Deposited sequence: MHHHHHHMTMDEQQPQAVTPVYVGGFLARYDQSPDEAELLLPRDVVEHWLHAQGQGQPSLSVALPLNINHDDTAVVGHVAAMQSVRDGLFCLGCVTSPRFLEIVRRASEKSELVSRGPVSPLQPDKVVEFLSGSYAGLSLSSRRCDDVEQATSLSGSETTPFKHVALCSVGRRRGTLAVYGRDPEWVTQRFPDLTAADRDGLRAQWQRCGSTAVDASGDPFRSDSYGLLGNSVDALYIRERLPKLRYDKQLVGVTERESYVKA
C-alpha cells in the first residue's frame, strides 16, 4: 500500500538567490530521503512542465521505510490530532506530510528527494494514497496537465538506512533557519491552502 506525493520541483513565479531548460531537458528516476542514496524509498512516476513551474509526481514504495513511518507515527502527537475538515485519519500519510514537507531535484535529472523543506522556494510536498487526488490539490494545474501526468503514472526494497538514520536526519531539519515561515509560503503560493490536504505546515 504505497503513497504518492506530488508537488512543484521548481517555481518560475519566484526569483532565487542562486522553462526552456526543463522542456528541453526531457526528450526509473529514483526518490530518496534528503538526498542520501542509502535511503531510497521509491521512484518518480511523472514530470511535467506547466503555466507556473516544473511539477512532479513520485511514488513511495519501500516496505522497511513505510514500516518505520507506521511505527514512528504511532508515537506522534501531531499525528494523533488527525487531519482536518472531512479528511480521514491516515497515520502514515500524515507523518510523511509532517516529516518530509519539501521536494527537490538534482538525462540532466538525477533524482528527486523528499526533504524537510526545499532549497528552491514553492516546493511543498503533498502526500496521499491516490495520484489523481494529489494533483487535484493544486489549483494552478489544469486537466490537460493532469493528462500529461496520468499518461506517465497510468529492484526489491532499496532502503539501506533505518530509524536511527531518519532520527538523525530529522534533527538537522530542526536547525534550518525560518523553515516554518518558508513552508507556509509555498502554501499561500501553490494553493494547498485552498484545497484541503494532509499538509501539516
Quiz prompt | Deposited-sequence stretches lacking C-alpha coordinates, listed in sequence order | solution = 1 to 18, 37 to 42, 52 to 62, 142 to 159, 208 to 216
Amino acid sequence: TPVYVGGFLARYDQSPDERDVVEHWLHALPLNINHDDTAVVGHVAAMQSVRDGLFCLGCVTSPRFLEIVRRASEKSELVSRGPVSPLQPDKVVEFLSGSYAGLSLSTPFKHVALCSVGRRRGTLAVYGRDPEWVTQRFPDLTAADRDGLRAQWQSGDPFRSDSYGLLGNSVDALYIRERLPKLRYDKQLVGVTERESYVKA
From here on, numbers count along this sequence of modelled residues.
Quiz item: For the stretches 37 to 45 and 162 to 170, which has the higher mean C-alpha B-factor as given in the deposited record?
Solution: 37 to 45
Self-check item: Stretch exceeding the other in mean C-alpha B-factor - 143 to 151, 55 to 63
Solution: 143 to 151
Quiz item: Which has the highest CA B-factor per the PDB entry: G82, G128, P86, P108?
Solution: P108
Exercise. Would you mind checking where the Cα B-factor of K182 ranks among the modelled residues of its chain, as the lowest, middle or highest third?
Key: lowest
Self-check item: Entry-reported Cα temperature factor of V134, expressed as the chain third it lands in
Solution: middle
Practice problem: Sorting the chain's modelled residues by C-alpha B-factor, tell me whether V112 ends up in the lowest, middle or highest third. | Solution: highest
